[PDB]
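Shown below, as structure tokens, is a lone chain in the form solved without its partner chain; questions about how it binds or moves come after it.
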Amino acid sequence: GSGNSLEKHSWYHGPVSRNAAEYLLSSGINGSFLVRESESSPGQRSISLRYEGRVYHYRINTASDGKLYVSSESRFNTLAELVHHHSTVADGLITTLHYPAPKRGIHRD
């Protein structure tokens, strides 16, 4: 769950603060996005996008019910459904989810 999470999608690794995102992630690809988790809230989810060096921050954004709507005309419930739509029509997230490169073996002895 919150802390370990499961290897859901290819963009679902775990919680990663934007700071460390824009900071750590030097950004340098054809375009890869990654979802984030609680950062300054006791249980929050955001969306991070990595450009050819740039790093955008587009929180998940919730509706007045529960659904997760980034814009307002494209409300969802599950992150996936978010990317799904934001896959061909990023009506929410600026950049359009391209390919969330895997981060299994980044560094660890």
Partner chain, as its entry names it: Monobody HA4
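Residue numbers count along the first chain shown, from 1.
Here the subject shifts to the form solved in complex with its partner chain, a form of this protein not shown in this document.
Student: Just checking whether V70 would be counted as a contact of its partner chain in the bound PDB entry - the rule being heavy atoms within 4.5 angstroms.
Tutor: Answer yes; at least one heavy atom of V70 falls within 4.5 Å of its partner chain in the bound PDB entry.
Student: Hey, in the bound PDB entry, does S38 get a heavy atom within 4.5 angstroms of its partner chain?
Tutor: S38: contacts its partner chain in the bound PDB entry.
Student: Flag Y58 as yes or no: does it have a non-hydrogen atom within 4.5 angstroms of any non-hydrogen atom of its partner chain in the bound PDB entry?
Tutor: It does: once its partner chain is placed as it appears in the bound PDB entry, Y58 has a heavy atom within 4.5 Å of it.
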